[PDB]
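Okay, structure first, notes after.
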Amino acid sequence: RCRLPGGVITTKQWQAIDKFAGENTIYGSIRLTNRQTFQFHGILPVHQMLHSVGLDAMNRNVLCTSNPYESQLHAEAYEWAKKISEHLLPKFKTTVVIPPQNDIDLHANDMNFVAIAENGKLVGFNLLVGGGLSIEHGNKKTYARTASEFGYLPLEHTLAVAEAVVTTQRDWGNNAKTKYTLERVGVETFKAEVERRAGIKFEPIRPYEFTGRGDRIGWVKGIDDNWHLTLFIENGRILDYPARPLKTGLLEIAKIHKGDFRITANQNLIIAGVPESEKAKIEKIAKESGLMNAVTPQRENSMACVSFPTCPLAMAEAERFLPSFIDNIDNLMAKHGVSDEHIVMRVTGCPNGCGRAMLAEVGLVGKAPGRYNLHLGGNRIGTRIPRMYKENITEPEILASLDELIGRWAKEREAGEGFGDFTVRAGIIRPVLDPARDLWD
Ligand code: SRM
Ligand code: SF4
Ligand SMILES: O=S([O-])[O-]
Ligand code: NA
């Protein structure tokens, strides 16, 4: 795995990793991860390779919103993600987030800097701390937890705050994850120590709201005459398939593209900063390579972790299960006349929770081969943990349940109402209000 703050990778870097994947690995693939970086699988030299193109391999990749609606905020947000990443160089997870997009899934992370603007210019961050999704099956002492608001800081305090949070967690950690430390000592206690160490006092939270977590598939207009093309890549798995030479297509795009690529937190890839006059050339390659094959809104909003064959911790298939599972889900959405809708639906291969099922509207958490715990009642924006609905069930049982529930949603939903919110309103599942205490029935 590569260090790659904000998912930004140059085309020269892309060509190098393309070569290495094809020649020096068992699997031959580039796998985009949901933390805005890439992995090789079955390495057969490697760090030498990364170093040769300026890449290096406690803290994890720092995420940054990939394709903000206010395009002019990206540059400075990314600069700060990079600065934080470099500052924390010698598990802890950090993001920089640009409202109203929560593509980076802030509630899965120990530390989150929510960008605040004054005049289309970044002025500071709200700090949210203590998210983390891992659980141990049946262990009510473990839980997924969302992140808690600490307050606002001007830009000048960013690095000192980042360091204060990371060291406070390292030091106070047992169950050692920030979420557990926060619950044990109290949010106010942790916050006061961060203030002490960073030499600051947090200001009141400044207003922010999120509206979604998805990528912006297709072309969007960026700043100036630039355009960004987001390509949906199923499971982020880049390999040439029959009729769909994804890996070759991306290499060809890398050869002619004038800007960089951006790996998204949804395991997709953005061809970023394309001049308008170059759109047709780029699109032609993408289309002909299968990179722009249309999928349903549902598939665009579904995700799985790697799981088998490479993950030594896997309990059930995730990545390999997802394409056919979503074929079946697409069939259910079509059955019920909601093919244009989506349900944030995620499959994680074990309870460690990499697939971020514990922030989904519908989450499947692997328990054993072919068996998953089915969780319901997250929301579209990812601010609520979904309670377990059915335990240790197979795909046919999951589909039978979802057929019934999606059917009810289609008939009974209010205008614009998400499936997760609906399951809560309709009393199908009880919401989780305070995970450390009420996640587990
Ligand atoms: C690739 C990825 C999933 C994906 O399909 O995209 C992944 C894959 C693995 N994760 Fe993860 N995690 C990935 C995001 C996550 C996230 C989601 C996120 O961060 O946005 C979580 C849940 C959030 C959280 O941290 O609470 C996550 C929580 C874990 C945990 C649980 C840690 C804990 O708090 O208890 C483990 C297990 C461990 O560390 O012991 C883990 C362990 C693993 C390992 C390294 C298995 C291992 O320890 O040997 C996985 C390697 C599988 C493989 O063969 O590639 N991974 N993992 C993600 C790579 C991110 C990256 O580039 O750094
Ligand atoms: S969730 Fe479990 S199975 Fe999936 S990648 Fe993470 S550790 Fe492996
Ligand atoms: O990649 S996971 O282990 O954070
Ligand atoms: Na994807």
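The figures follow:
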{"read-out": "Among (1) buried (at least 19 other Cβ atoms within 10 Å of the Cβ); (2) within 16 Å of ligand 1 (Cβ to nearest atom); (3) of a type outside the set (G, A, S) - the single one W14 does not satisfy", "value": "(2)"}
{"read-out": "Failed condition for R299, given (1) within 21 Å of the chain's Cα centre (by Cα); (2) within 16 Å of ligand 3 (Cβ to nearest atom)", "value": "(2)"}
{"read-out": "Pairs where the first residue, in the stretch 32-43, is over 13 Å from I9 (Cβ atoms) and the second is away from ligand 3 (no atom under 13 Å from the Cβ), C-beta under 6 Å, 6+ apart", "value": "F40/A21; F40/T25; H41/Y27; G42/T25; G42/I26; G42/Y27; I43/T25"}
{"read-out": "Selected residue (criterion: nearest to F422 (Cα to Cα)) from residues of the stretch 324-352 that are crowded, with 20+ Cβ neighbours inside 10 Å and within 16 Å of ligand 2 (Cβ to nearest atom)", "value": "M345"}
{"read-out": "From the options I263, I223, residue that is touching a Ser or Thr at 6+ places or on another chain (Cβ under 7 Å), within 26 Å of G349 (Cα to Cα) and among the hydrophobic types (A, V, I, L, M, F, W, C)", "value": "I263"}
{"read-out": "Filter result for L153 (among the aliphatic types (A, V, I, L, M) and in a strand (DSSP E or B))", "value": "yes"}
{"read-out": "Residue satisfying all of: in the stretch 302-322; within 16 Å of ligand 3 (Cβ to nearest atom) and either of a type in the set (D, E) or under 15 Å from the mean Cα position of the chain (by Cα) (or both); surrounded by the most Cβ atoms within 10 Å (Cβ to Cβ) among these", "value": "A304"}
{"read-out": "Residue list for the stretch 320-369, filter: touching a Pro at 6+ places or on another chain (Cβ under 9 Å) and part of a loop (DSSP other than H, G, I, E, B)", "value": "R320, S339, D340, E341, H342, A360, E361"}
{"read-out": "Qualifying positions in the stretch 49-96 - charged (D, E, K, R), outside any strand (DSSP E or B) and within 25 Å of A16 (Cα to Cα)", "value": "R60, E79, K82, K83, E86"}
{"read-out": "Filter result (more than 26 Å from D103 (Cα to Cα) and hydroxyl-bearing (S, T, Y)) within the stretch 1-41", "value": "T25, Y27"}
{"read-out": "Residues located in the stretch 82-107, provided they are away from ligand 1 (no atom under 14 Å from the Cβ) and either assigned by CATH to the domain that holds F232 or surrounded by fewer than 24 Cβ atoms within 10 Å (Cβ to Cβ) (or both)", "value": "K82, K83, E86, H87, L89, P90, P99, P100, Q101"}
{"read-out": "Close pairs (7 angstrom Cβ cut-off, 6 or more residues apart or separate chains): closer than 23 Å to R31 by Cβ and assigned by CATH to the domain that holds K367 in the stretch 314-341, of a type in the set (F, W, Y) and assigned to a loop (DSSP other than H, G, I, E, B) anywhere", "value": "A314/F308; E317/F308; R320/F308"}
{"read-out": "Residue tally, condition more than 14 Å from ligand 1 (Cβ to nearest atom), of a type outside the set (A, V, I, L, M) and closer than 23 Å to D105 by Cβ, over the stretch 28-77", "value": "7"}
{"read-out": "Pair list, Cβ < 7 Å and 6+ apart or interchain, from the stretch 46-71 residues that are over 26 Å from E163 (Cβ atoms) to residues that are hydroxyl-bearing (S, T, Y) and assigned to a strand (DSSP E or B)", "value": "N67/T230"}
{"read-out": "Out of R31, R35, sole residue that is within 16 Å of ligand 4 (Cβ to nearest atom) and either assigned to a strand (DSSP E or B) or among the hydrophobic types (A, V, I, L, M, F, W, C) (or both)", "value": "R31"}
{"read-out": "Check on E79, charged (D, E, K, R), over 26 Å from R170 (Cα atoms) and surrounded by fewer than 24 Cβ atoms within 10 Å (Cβ to Cβ)", "value": "no"}
{"read-out": "Failed condition for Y27, given (1) surrounded by fewer than 16 Cβ atoms within 10 Å (Cβ to Cβ); (2) over 23 Å from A147 (Cβ atoms); (3) among the hydroxyl-bearing types (S, T, Y)", "value": "(1)"}
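Okay, residues lined up against (1) more than 9 Å from ligand 1 (Cβ to nearest atom); (2) assigned by CATH to the domain that holds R425; (3) out of contact with any helix residue (DSSP H, G or I) (no Cβ under 6 Å at 6 or more places or on another chain):
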residue	(1), (2), (3)
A304	no, yes, no
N352	no, yes, yes
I381	yes, yes, yes
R384	yes, yes, yes
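Quick reminder, even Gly has a Cβ in these numbers, built from the backbone with ideal geometry, and neighbours come from all protein chains shown. Numbers and lists here come from the model and the stated rules, or from a named source; none is laboratory data.
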